[PDB]
Amino acid sequence: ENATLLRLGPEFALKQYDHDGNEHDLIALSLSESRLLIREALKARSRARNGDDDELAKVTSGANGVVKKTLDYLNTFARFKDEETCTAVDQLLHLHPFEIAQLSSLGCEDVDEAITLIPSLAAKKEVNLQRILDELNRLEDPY
Amino acid sequence: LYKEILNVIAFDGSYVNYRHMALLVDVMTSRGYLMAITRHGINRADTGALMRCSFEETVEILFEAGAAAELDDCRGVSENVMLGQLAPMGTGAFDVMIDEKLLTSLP
Amino acid sequence: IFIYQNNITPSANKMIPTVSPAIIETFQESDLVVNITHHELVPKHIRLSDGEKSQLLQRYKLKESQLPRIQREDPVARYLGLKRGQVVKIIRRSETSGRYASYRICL
Amino acid sequence: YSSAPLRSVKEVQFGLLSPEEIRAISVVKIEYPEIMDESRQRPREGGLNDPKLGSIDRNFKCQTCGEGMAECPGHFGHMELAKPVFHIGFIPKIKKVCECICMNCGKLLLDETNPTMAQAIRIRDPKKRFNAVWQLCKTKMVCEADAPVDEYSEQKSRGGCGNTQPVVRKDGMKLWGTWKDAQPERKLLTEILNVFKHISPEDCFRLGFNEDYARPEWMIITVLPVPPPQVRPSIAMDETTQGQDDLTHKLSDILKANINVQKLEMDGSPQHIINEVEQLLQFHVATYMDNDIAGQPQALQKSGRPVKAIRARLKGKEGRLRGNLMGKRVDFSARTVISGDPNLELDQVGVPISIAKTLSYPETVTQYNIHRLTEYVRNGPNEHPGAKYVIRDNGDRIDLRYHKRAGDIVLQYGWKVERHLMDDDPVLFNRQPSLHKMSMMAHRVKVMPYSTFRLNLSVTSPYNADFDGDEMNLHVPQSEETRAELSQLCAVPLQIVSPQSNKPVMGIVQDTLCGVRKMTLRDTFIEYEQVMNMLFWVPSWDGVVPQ
Amino acid sequence: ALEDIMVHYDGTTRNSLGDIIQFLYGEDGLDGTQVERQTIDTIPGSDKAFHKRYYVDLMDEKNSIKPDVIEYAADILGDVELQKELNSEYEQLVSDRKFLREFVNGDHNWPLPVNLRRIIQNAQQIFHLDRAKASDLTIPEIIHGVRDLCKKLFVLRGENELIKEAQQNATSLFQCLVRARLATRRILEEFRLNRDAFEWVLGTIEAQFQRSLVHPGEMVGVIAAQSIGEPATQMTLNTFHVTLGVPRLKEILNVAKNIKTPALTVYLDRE
Amino acid sequence: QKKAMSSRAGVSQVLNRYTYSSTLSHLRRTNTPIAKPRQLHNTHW
Amino acid sequence: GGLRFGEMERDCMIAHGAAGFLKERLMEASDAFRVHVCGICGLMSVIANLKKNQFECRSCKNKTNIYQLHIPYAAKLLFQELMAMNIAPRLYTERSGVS
Amino acid sequence: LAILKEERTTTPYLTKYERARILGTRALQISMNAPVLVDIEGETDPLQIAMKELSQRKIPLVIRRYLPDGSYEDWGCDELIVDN
Amino acid sequence: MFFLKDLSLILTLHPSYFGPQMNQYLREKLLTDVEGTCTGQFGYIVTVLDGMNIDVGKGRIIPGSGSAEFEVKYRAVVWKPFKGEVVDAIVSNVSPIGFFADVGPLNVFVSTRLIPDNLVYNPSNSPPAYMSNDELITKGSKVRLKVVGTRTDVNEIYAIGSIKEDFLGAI
Ligand SMILES: [Zn+2]
Ligand SMILES: [Zn+2]
Ligand SMILES: [Zn+2]
């Protein structure tokens with residue numbers, strides 16, 4: 001059976017193969033960080049195509065209801081904003097790919113909370129992860 | 001083996017060129033021992049299943065093939081004939097592709 | 001390399017892999033009176049270092065299994081004390097080019 | 001047109017249908033034993049044959065996904081047997097299998113502990129693995145529930161019930177064994193399925209199996225896959241006349257042997273008169289797949305007819321595999337009587353008018369040959385330089401011998417026309433037994449009168465033919481590339497030198513040979529009058545009379 | 001039993017499993033069609049008569065090239081540095097000569113691609129050469145050119161060594177035939193070939209050769225399959241017109257463990 | 001008849017009528033149920 | 001009727017390397033047929049109603065991954081037979097066993 | 001995968017089977033009303049025109065010769081010398 | 001949760017469209033067949049990165065016709081739900097039997113039998129809600145649910161899920 005016991009399909013192991021025939025670590029893609037990769041390609045696309053999101057859809061979108069939604073939702077829930085603020089997290093975090101992303105895209109305050117919504121760790125990462133866990137909510141940018 | 005087949009041909013005056021006998025001889029020898037050209041030989045190796053299936057024990061050959069769940073490449077001449085696709089045989093032992101790069105030098 | 005005259009006991013030989021890494025072989029007397037390599041049809045063979053081997057394989061893009069085999073209990077294989085994994089270069093006469101270079105790995 | 005992507009098979013995976021799956025896939029429960037008659041009313045009862053499956057007669061039925069007969073593959077149904085049966089062809093392995101696994105428990109008879117097994121157990125090869133194994137496990141017959149560990153024989157568990165495992169032997173269609181204290185003779189029931197089901201998943205893998213594609217257990221059928229019409233077709237004498245297949249009998253016979261069986265398992269069941277009726281079902285199922293076995297009982301159909309078992313329909317030459325698949329009858333082909341012509345280029349082949357007026361060739365319309373085509377089209381299919389079918393882009397065909405617009409029609413670039421073979425057309429000519437590379441060669445077509453293939457003399461010995469009645473088969477190419485392939489690899493000139501003996505395979509035969517000798521002799525002299533008519537006869541003559 | 005056997009783009013003979021049955025079809029990579037029975041001169045005759053044919057000594061009145069062949073016979077006569085290169089060649093040929101007798105039968109007739117015997121008979125009249133006026137070739141022209149030739153008789157092409165060895169190897173026999181017909185003594189005393197002729201023959205041999213090579217694709221197994229059975233299909237169980245003929249061949253192909261007539265030939269000892 | 005084909009086929013055919021000497025031959029024909037039988041023995045004289 | 005193209009006739013052509021032409025015999029000039037395989041359980045289940053697009057293939061419940069192929073109808077039957085004998089011929093358009 | 005234009009090993013000549021299929025394809029291309037780039041000097045059979053188009057090495061096509069291992073070698077119809 | 005898998009696709013092209021600037025057409029055609037698709041195998045396909053410079057490589061010519069077969073090898077941004085997986089979206093509708101949620105281009109439903117008992121649907125209240133001894137969830141409100149099962153369909157993947165444990169639900 002397929003469960004959140006981290007026994008995902010055979011198509012997503014930590015060691016996938018590059019189109020050029022190489023080995024590459026999986027690709028965790030937390031919110032906000034996703035909103036950029038998309039926006040960046042959607043921009044450099046709409047750049048040579050001529051040589052703020054409901055419009056940009058019915059042009060670079062299949063004409064693809066899905067994008068509007070995938071653009072709204074991803075902007076009313078993104079937990080970050082700057083390509084640096086996300087870099088820091090990566091310059092830090094680099095645990096198995098899925099976590100390093102979920103932790104970033106899912107709100108969390110207490111360890112008691114994270115350890116509750118991710119009941120699989122406990123001995124699968126030393127306690128001083130707790131430090132980090134604080135250090136996360138501690139760099140959990142203000143409003 | 002070569003010497004012996006030749007001596008069966010040459011005693012009738014007929015001449016055949018080495019490469020041929022050699023090829024046969026080699027296939028019989030190569031697989032480790034003496035695989036005879038019979039149901040108890042070549043037709044019993046790690047070859048494809050559709051291939052071997054086209055000679056003598058046709059059905060039984062399949063039973064103990066689905067039994068151990070064999071996987072067939074479909075690189076063998078037979079398979080393709082049974083399927084109806086062009087087999088990697090001369091004319092089809094390669095691909096013909098339009099190179100877009102030069103297809104710009106082509107206008 | 002023990003040279004049993006007629007035969008060793010089944011209780012006996014069951015202690016050969018009991019002294020690893022080292023390995024031991026057994027050869028009957030009446031089978032070593034005449035060296036088989038010296039024979040006309042028997043071509044001169046030669047071993048190949050895991051460098052010359054990992055080269056041969058690379059130089060022709062071969063996958064080991066794709067290589068002509070030879071039985072482990074083969075008279076010459078024994079004679080040269082081959083092992084499951086070793087290669088052997090064969091150099092024989094050819095009435096078409098003069099000399100051909102074949103290789104047989106020992107399974 | 002179907003939106004779905006077109007692809008080619010790059011791999012074939014074999015395994016066995018798991019009953020739960022066969023059930024699943026089945027779209028018909030097939031419970032009833034009749035033919036059709038909805039109680040005399042003619043149709044096809046939802047019970048047997050056509051309970052939604054495919055159809056004949058251009059009648060949409062096919063699980064409603066219509067398409068009718070051609071486009072419409074057969075449609076499978078099933079049938080829940082009342083009790084497990086032995087698969088006629090697996091009885092060999094199944095027995096050697098039991099010798100290796102314990103009953104009443106269901107676990108291996110040799111763990112990692114024993115050395116000689118490890119090696120074998122590491123042999124990665126589904127077949128050579130299963131070979132070495134049985135030669136071992138065939139001796140020990142006690143599923144020890146307690147055994148001395150790999151330490152001191154003092155203390156002693158794994159699988160249990162150390163029941164002695166029997167020595168099985170083959171007697172007709174039944175496997176029997178003895179259990180020992182003191183033996184036990186018993187006729188082993190179809191217990192086996194259960195034991196297999198129990199076999200550990202990780203044990204399957206120890207042997208040459210795969211928990212996903214083929215588990216040992218699926219070798220016994222629970223729900224029987226019932227094949228559709230196209231498999232076992234009926235052959236009606238137009239419509240309102242019977243005509244039923246061999247199998248379309250032994251199915252109801254099986255059905256009946258199932259029905260009756262069940263109707264003995266819900267009524268006064270004489271426990272030792274039931275086995276006599278199970279073996280019967282076992283038999284009809286033996287029959288169905290194979291009906292040329294050891295325990296004779298040919299099972300003949302009313303008349304003496306043997307009853308083709310599926311595997312019969314396959315037997316080499318004529319039978320499906322080697323008869324219809326490895327070689328099949330094809331269209332665009334012809335055959336007649338041969339006669340040689342000493343005035344036809346080596347690579348030519350005189351073809352009888354009649355034939356040229358029958359075989360066509362799809363040649364696309366192009367502004368270079370339109371002019372020539374426009375002549376050929378008007379002539380109609382009964383005049384030699386004509387055609388017999390025009391096909392517009394819109395996949396439909398106009399029959400050139402009736403259509404009111406015969407002489408009208410103005411073509412359109414891109415359309416294709418099927419023309420009659422013409423002079424200098426490559427075609428595949430052959431003579432069987434085809435045991436040569438040269439037994440098939442491309443020749444130039446030369447239309448001539450009279451009902452016979454006119455071939456050159458010198459090309460007699462390659463095929464090794466004569467004119468004492470011999471017939472020859474001719475095949476006709478169809479693509480634009482096919483032609484090139486025929487002239488670039490099968491052309492007669494390329495064949496002049498046979499690779500087997502690095503020498504030719506066509507010389508000067510009979511009359512021509514015999515005479516050239518005479519004609520050569522010093523005594524042979526020719527005067528101007530004839531010396532003129534001879535140079536003229538040479539097409540290649542340089543046009544210079546030698547001194 | 002041979003269906004799936006076919007030459008591959010590198011020139012290896014394998015099957016539907018990739019198992020290499022032969023590294024170079026026929027052990028030379030030549031297509032039987034382009035092959036004819038040639039006679040390797042070098043091999044037969046005595047070392048004496050051999051020498052009296054190919055041996056050259058520019059430092060001797062009787063064993064030197066007559067000045068009716070070259071146009072610089074006297075201004076070349078005596079050069080010590082050239083007579084050494086003339087040894088290199090002749091020293092090779094002897095390595096050859098002794099290596100070919102190392103075919104103990106002596107039969108000098110064998111099937112070999114590129115008919116050198118004819119190609120020269122063709123040269124004969126394309127440039128019309130007179131058995132009178134001397135040729136015009138430096139001793140270097142010829143020898144170096146035939147060395148440069150061997151270099152271009154490429155079968156395998158590889159950059160590395162292992163390949164380049166195979167190259168020289170599965171060719172050799174041919175090269176000797178080439179030399180056999182391109183020895184200084186013959187090319188000048190028999191058929192006064194000019195600079196032009198030489199430059200033509202080479203260019204043709206090279207071209208010809210490359211065509212005489214097997215084409216990758218060739219369903220060799222199916223080929224050999226017939227090629228063998230055909231001259232068997234044409235026989236009578238009758239051994240007219242020890243266990244022999246048809247049944248024996250069968251017996252063999254079956255790899256029979258007990259033939260009717262076993263027999264075995266043993267040769268005496270040296271003395 | 002029945003489910004009993006375990007008989008022998010060949011016996012009784014469709015008398016030839018291509019030519020007179022054809023028909024004749026056919027009646028005067030003998031069969032022989034199945035490398036040694038096929039031989040032409042002496043006794044056949 | 002039509003003339004048989006038996007084994008021996010096949011063979012020869014293969015020696016000639018007439019790959020395509022042979023492929024064109026056995027298909028275009030005889031059998032031929034368009035079958036729809038399933039991308040998951042490599043079978044001929046698919047209920048392809050060529051109109052409402054509906055494809056499906058219950059038991060493995062798919063309607064999305066399906067492929068089209070060109071094979072001799074003669075062969076299709078061979079398989080149905082094989083199926084009807086409980087053996088499972090999986091057809092994959094992608095290699096899975098690797099090496 | 002790949003294989004650089006360098007270290008290419010196969011024959012520099014076009015095998016009859018290569019040639020045979022090339023002439024094939026391009027022939028039907030023309031019969032699909034494609035465009036020809038020479039002077040049909042009274043020629044009329046596509047395959048001839050292509051045979052000419054060949055003898056003049058002006059057929060835009062590339063042959064990717066595959067090796068038993070899985071790698072390949074690209075060569076153009078322009079490259080491959082067409083003596084014959 | 002989002003990934004960037006290096007996938008690929010094959011597309012056949014009729015010979016008509018065989019001009020000099022094809023790569024351009026191929027690229028743009030890829031997007032029209034991919035961007036906006038949805039497969040249960042790979043999930044919801046949303047975006048193809050670095051469009052402009054897609055790599056096409058040579059395509060092969062089908063023997064029968066003239067058409068070319070192209071194996072376009074790209075890379076894209078996807079999002080697919082797994083069981084046990086945790087994310088949060090906006091409630092879209094809401095009745096007595098539960099509420100439907102909208103995660104991006106998806107819609108997950110929570111059954112009244114898979115929520116915490118103590119939260120009953122409020123009757124005539126504006127805007128329509130569910131009442132707890134203290135909490136209240138309605139449209140606008142953000143909820144964090146757990147996806148029990150996922151059902152793959154045509155060109156849309158729907159699913160089901162629950163909020164019955166603790167520390168789960170609205171936020
Ligand atoms: Zn249908
Ligand atoms: Zn037990
Ligand atoms: Zn399915």
# chains A, B, ... in the order shown; residues from 1 in each chain; ligands from 1
$ residues_around --residues "region 84-91 of chain B" --least-positions-apart "5" --cutoff "10 Å" --atoms "only C-alpha atoms" --output "count of residues only"
53
$ residues_near_ligand --ligand "ligand 2" --cutoff "9 Å" --atoms "only C-alpha atoms and all ligand atoms" --output "list in words"
residues 101, 102, 103, 104, 105, 106, 107, 142, 143, 144, 145, 159, 160, 161, 162, 163, 164 and 165 of chain D
$ residues_near_ligand --ligand "ligand 3" --cutoff "10 Å" --atoms "only C-alpha atoms and all ligand atoms" --output "PyMOL selection string"
(chain D and resi 25) or (chain G and resi 37-46+56-66)
$ write_last_selection --atoms "N, CA, C and O atoms" --output "mmCIF file, in the first residue's frame"
data_model
loop_
_atom_site.group_PDB
_atom_site.id
_atom_site.type_symbol
_atom_site.label_atom_id
_atom_site.label_comp_id
_atom_site.auth_asym_id
_atom_site.auth_seq_id
_atom_site.Cartn_x
_atom_site.Cartn_y
_atom_site.Cartn_z
ATOM 1 N N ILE D 25 -11.154 -8.835 -14.499
ATOM 2 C CA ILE D 25 -11.189 -8.524 -15.931
ATOM 3 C C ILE D 25 -12.445 -9.036 -16.629
ATOM 4 O O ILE D 25 -12.980 -8.375 -17.521
ATOM 5 N N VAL G 37 -3.502 -1.742 -26.251
ATOM 6 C CA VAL G 37 -2.944 -2.393 -25.077
ATOM 7 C C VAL G 37 -3.179 -1.439 -23.901
ATOM 8 O O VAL G 37 -3.579 -0.298 -24.104
ATOM 9 N N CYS G 38 -2.933 -1.901 -22.681
ATOM 10 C CA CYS G 38 -3.065 -1.075 -21.492
ATOM 11 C C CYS G 38 -1.661 -0.744 -21.015
ATOM 12 O O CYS G 38 -0.778 -1.602 -21.030
ATOM 13 N N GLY G 39 -1.453 0.501 -20.601
ATOM 14 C CA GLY G 39 -0.157 0.936 -20.119
ATOM 15 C C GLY G 39 0.243 0.309 -18.798
ATOM 16 O O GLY G 39 1.425 0.295 -18.452
ATOM 17 N N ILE G 40 -0.732 -0.213 -18.060
ATOM 18 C CA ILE G 40 -0.438 -0.830 -16.774
ATOM 19 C C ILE G 40 -0.425 -2.352 -16.952
ATOM 20 O O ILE G 40 0.643 -2.942 -17.090
ATOM 21 N N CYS G 41 -1.591 -2.995 -16.947
ATOM 22 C CA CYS G 41 -1.621 -4.432 -17.180
ATOM 23 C C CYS G 41 -1.554 -4.639 -18.694
ATOM 24 O O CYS G 41 -2.550 -4.493 -19.396
ATOM 25 N N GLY G 42 -0.368 -4.954 -19.201
ATOM 26 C CA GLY G 42 -0.183 -5.114 -20.635
ATOM 27 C C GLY G 42 -1.133 -6.082 -21.324
ATOM 28 O O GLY G 42 -0.698 -7.105 -21.847
ATOM 29 N N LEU G 43 -2.423 -5.752 -21.340
ATOM 30 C CA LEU G 43 -3.431 -6.621 -21.945
ATOM 31 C C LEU G 43 -4.293 -5.914 -22.993
ATOM 32 O O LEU G 43 -4.222 -4.697 -23.162
ATOM 33 N N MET G 44 -5.112 -6.703 -23.683
ATOM 34 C CA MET G 44 -6.021 -6.220 -24.720
ATOM 35 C C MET G 44 -7.422 -6.013 -24.148
ATOM 36 O O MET G 44 -8.409 -6.428 -24.757
ATOM 37 N N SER G 45 -7.515 -5.378 -22.985
ATOM 38 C CA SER G 45 -8.803 -5.176 -22.331
ATOM 39 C C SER G 45 -9.585 -3.977 -22.867
ATOM 40 O O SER G 45 -10.722 -4.143 -23.306
ATOM 41 N N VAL G 46 -8.979 -2.790 -22.802
ATOM 42 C CA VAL G 46 -9.553 -1.507 -23.253
ATOM 43 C C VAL G 46 -10.860 -1.534 -24.063
ATOM 44 O O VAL G 46 -10.938 -2.140 -25.132
ATOM 45 N N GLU G 56 -11.023 3.155 -20.886
ATOM 46 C CA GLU G 56 -11.092 2.282 -19.710
ATOM 47 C C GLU G 56 -10.254 1.008 -19.826
ATOM 48 O O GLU G 56 -9.519 0.839 -20.798
ATOM 49 N N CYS G 57 -10.396 0.130 -18.827
ATOM 50 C CA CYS G 57 -9.707 -1.163 -18.735
ATOM 51 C C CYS G 57 -9.748 -1.542 -17.249
ATOM 52 O O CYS G 57 -8.737 -1.502 -16.549
ATOM 53 N N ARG G 58 -10.957 -1.806 -16.756
ATOM 54 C CA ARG G 58 -11.200 -2.222 -15.368
ATOM 55 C C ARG G 58 -10.307 -3.393 -14.943
ATOM 56 O O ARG G 58 -9.627 -3.980 -15.787
ATOM 57 N N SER G 59 -10.308 -3.690 -13.633
ATOM 58 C CA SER G 59 -9.515 -4.756 -12.983
ATOM 59 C C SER G 59 -8.147 -4.208 -12.595
ATOM 60 O O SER G 59 -7.513 -4.675 -11.647
ATOM 61 N N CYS G 60 -7.706 -3.213 -13.351
ATOM 62 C CA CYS G 60 -6.445 -2.528 -13.133
ATOM 63 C C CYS G 60 -6.808 -1.052 -13.136
ATOM 64 O O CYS G 60 -5.959 -0.183 -12.930
ATOM 65 N N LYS G 61 -8.098 -0.809 -13.357
ATOM 66 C CA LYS G 61 -8.721 0.518 -13.418
ATOM 67 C C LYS G 61 -7.837 1.660 -13.917
ATOM 68 O O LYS G 61 -7.218 2.392 -13.144
ATOM 69 N N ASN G 62 -7.789 1.774 -15.240
ATOM 70 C CA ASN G 62 -7.002 2.780 -15.935
ATOM 71 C C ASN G 62 -7.891 3.233 -17.087
ATOM 72 O O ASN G 62 -8.790 2.502 -17.500
ATOM 73 N N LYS G 63 -7.613 4.418 -17.626
ATOM 74 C CA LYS G 63 -8.369 5.014 -18.728
ATOM 75 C C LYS G 63 -7.470 6.076 -19.332
ATOM 76 O O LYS G 63 -7.800 6.701 -20.340
ATOM 77 N N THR G 64 -6.325 6.264 -18.690
ATOM 78 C CA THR G 64 -5.352 7.283 -19.063
ATOM 79 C C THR G 64 -4.139 6.696 -19.808
ATOM 80 O O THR G 64 -3.782 7.197 -20.875
ATOM 81 N N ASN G 65 -3.509 5.651 -19.276
ATOM 82 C CA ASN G 65 -2.348 5.071 -19.949
ATOM 83 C C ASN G 65 -2.681 3.857 -20.812
ATOM 84 O O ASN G 65 -2.791 2.730 -20.326
ATOM 85 N N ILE G 66 -2.842 4.123 -22.106
ATOM 86 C CA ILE G 66 -3.200 3.131 -23.115
ATOM 87 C C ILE G 66 -2.397 3.434 -24.382
ATOM 88 O O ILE G 66 -2.171 4.596 -24.721
#
$ residues_near_ligand --ligand "ligand 1" --cutoff "10 Å" --atoms "only C-alpha atoms and all ligand atoms" --output "VMD selection string"
(chain D and resid 53 to 55 60 to 75) or (chain G and resid 45 to 50)
$ select_by_dssp --residues "region 39-94 of chain G" --states "alpha helix (DSSP H)" --output "PyMOL selection string"
chain G and resi 73-83
$ residues_around --residues "residue 11 (chain H)" --least-positions-apart "3" --cutoff "10 Å" --atoms "only C-alpha atoms" --output "PyMOL selection string"
(chain E and resi 9-11+154-157+210+213+215-216) or (chain H and resi 8+14-15+65+80-81)
$ residues_around --residues "residue 469 (chain D)" --least-positions-apart "2" --cutoff "9 Å" --atoms "only C-alpha atoms" --output "VMD selection string"
chain D and resid 337 to 338 466 to 467 471
$ write_last_selection --atoms "N, CA, C and O atoms" --output "CSV table (one decimal), in the first residue's frame"
chain,number,residue,atom,x,y,z
D,337,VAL,N,2.3,-21.4,-64.8
D,337,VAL,CA,3.2,-22.3,-65.5
D,337,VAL,C,4.3,-21.5,-66.2
D,337,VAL,O,4.1,-20.5,-66.8
D,338,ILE,N,5.6,-22.0,-65.9
D,338,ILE,CA,6.7,-21.4,-66.5
D,338,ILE,C,7.2,-22.0,-67.9
D,338,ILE,O,7.0,-23.1,-68.1
D,466,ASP,N,12.8,-26.8,-64.0
D,466,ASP,CA,12.7,-27.3,-65.3
D,466,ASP,C,11.3,-27.0,-65.7
D,466,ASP,O,10.5,-26.5,-65.0
D,467,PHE,N,10.9,-27.4,-67.0
D,467,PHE,CA,9.6,-27.1,-67.5
D,467,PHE,C,8.7,-28.3,-67.6
D,467,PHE,O,7.8,-28.3,-68.4
D,471,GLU,N,5.6,-25.3,-61.4
D,471,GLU,CA,4.8,-24.0,-61.2
D,471,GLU,C,5.7,-23.0,-60.4
D,471,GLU,O,6.6,-23.4,-59.7
$ select_by_dssp --residues "chain B" --states "strand (DSSP E)" --output "PDB file with N, CA, C and O atoms, in the first residue's frame"
ATOM      1  N   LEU B  71      11.645 -12.749 -19.503  1.00  0.00           N
ATOM      2  CA  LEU B  71      11.453 -11.443 -20.109  1.00  0.00           C
ATOM      3  C   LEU B  71      12.148 -11.499 -21.461  1.00  0.00           C
ATOM      4  O   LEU B  71      13.333 -11.823 -21.538  1.00  0.00           O
ATOM      5  N   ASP B  72      11.416 -11.190 -22.526  1.00  0.00           N
ATOM      6  CA  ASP B  72      11.996 -11.221 -23.865  1.00  0.00           C
ATOM      7  C   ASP B  72      12.257  -9.835 -24.455  1.00  0.00           C
ATOM      8  O   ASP B  72      11.342  -9.021 -24.589  1.00  0.00           O
ATOM      9  N   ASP B  95      18.746   3.767 -37.787  1.00  0.00           N
ATOM     10  CA  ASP B  95      17.711   4.788 -37.844  1.00  0.00           C
ATOM     11  C   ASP B  95      18.011   5.880 -38.867  1.00  0.00           C
ATOM     12  O   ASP B  95      19.164   6.100 -39.237  1.00  0.00           O
ATOM     13  N   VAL B  96      16.963   6.560 -39.321  1.00  0.00           N
ATOM     14  CA  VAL B  96      17.100   7.644 -40.285  1.00  0.00           C
ATOM     15  C   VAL B  96      16.400   8.802 -39.591  1.00  0.00           C
ATOM     16  O   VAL B  96      15.186   8.777 -39.389  1.00  0.00           O
ATOM     17  N   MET B  97      17.174   9.817 -39.226  1.00  0.00           N
ATOM     18  CA  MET B  97      16.641  10.977 -38.524  1.00  0.00           C
ATOM     19  C   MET B  97      16.941  12.340 -39.109  1.00  0.00           C
ATOM     20  O   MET B  97      18.056  12.589 -39.567  1.00  0.00           O
ATOM     21  N   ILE B  98      15.954  13.230 -39.094  1.00  0.00           N
ATOM     22  CA  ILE B  98      16.211  14.561 -39.600  1.00  0.00           C
ATOM     23  C   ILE B  98      16.981  15.337 -38.522  1.00  0.00           C
ATOM     24  O   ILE B  98      16.541  15.449 -37.379  1.00  0.00           O
TER      25      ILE B  98
END
$ interface_residues --of "chain I" --to "chain G" --cutoff "10 Å" --atoms "only C-alpha atoms" --output "ChimeraX atom specification"
/I:38-41,63-64,152-155
$ write_last_selection --atoms "C-alpha atoms" --output "short mmCIF file (atom, residue, chain, number, x, y, z; two decimals), in the first residue's frame"
data_model
loop_
_atom_site.label_atom_id
_atom_site.label_comp_id
_atom_site.auth_asym_id
_atom_site.auth_seq_id
_atom_site.Cartn_x
_atom_site.Cartn_y
_atom_site.Cartn_z
CA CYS I 38 -2.93 15.75 -15.33
CA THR I 39 -2.02 12.10 -14.80
CA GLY I 40 -2.43 9.96 -11.67
CA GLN I 41 1.01 8.54 -12.43
CA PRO I 63 9.37 3.69 -42.20
CA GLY I 64 5.79 3.31 -43.46
CA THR I 152 -6.75 9.13 -10.03
CA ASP I 153 -9.18 9.95 -12.84
CA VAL I 154 -9.24 11.36 -16.45
CA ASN I 155 -7.40 14.69 -16.51
#
$ interface_residues --of "chain I" --to "chain H" --cutoff "10 Å" --atoms "only C-alpha atoms" --output "NGL selection string"
:I and (15-16 or 18 or 58 or 60-67)
$ residues_around --residues "region 91-100 of chain E" --least-positions-apart "4" --cutoff "9 Å" --atoms "only C-alpha atoms" --output "VMD selection string"
(chain C and resid 98) or (chain E and resid 42 to 44 86 to 87 104 106 173 176 179 to 180)
$ residues_around --residues "region 21-28 of chain I" --least-positions-apart "4" --cutoff "9 Å" --atoms "only C-alpha atoms" --output "JSON, numbers by chain"
{"B": [100, 103, 104], "I": [11, 17, 32, 51, 52, 53, 54, 55, 56, 70, 72]}
$ write_last_selection --atoms "C-alpha atoms" --output "PDB file, in the first residue's frame"
ATOM      1  CA  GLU B 100      17.325  19.989 -37.304  1.00  0.00           C
ATOM      2  CA  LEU B 103      17.782  21.227 -41.472  1.00  0.00           C
ATOM      3  CA  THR B 104      18.410  24.979 -41.229  1.00  0.00           C
TER       4      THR B 104
ATOM      5  CA  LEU I  11       5.209  13.170 -30.466  1.00  0.00           C
ATOM      6  CA  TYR I  17       5.184  20.523 -41.256  1.00  0.00           C
ATOM      7  CA  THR I  32       0.150  22.891 -25.691  1.00  0.00           C
ATOM      8  CA  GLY I  51      11.120  27.085 -22.311  1.00  0.00           C
ATOM      9  CA  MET I  52      13.029  28.988 -25.028  1.00  0.00           C
ATOM     10  CA  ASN I  53      16.017  26.620 -25.143  1.00  0.00           C
ATOM     11  CA  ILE I  54      14.286  23.205 -24.980  1.00  0.00           C
ATOM     12  CA  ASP I  55      16.480  20.354 -26.197  1.00  0.00           C
ATOM     13  CA  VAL I  56      14.904  18.313 -28.965  1.00  0.00           C
ATOM     14  CA  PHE I  70      10.505  12.842 -31.580  1.00  0.00           C
ATOM     15  CA  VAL I  72      11.245  15.320 -26.306  1.00  0.00           C
TER      16      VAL I  72
END
$ interface_residues --of "chain H" --to "chain E" --cutoff "7 Å" --atoms "only C-alpha atoms" --output "ChimeraX atom specification"
/H:9-10,15,67-68
$ atom_distance --atom1 "CA of residue 73 (chain I)" --atom2 "CA of residue 57 (chain I)"
8.7 Å
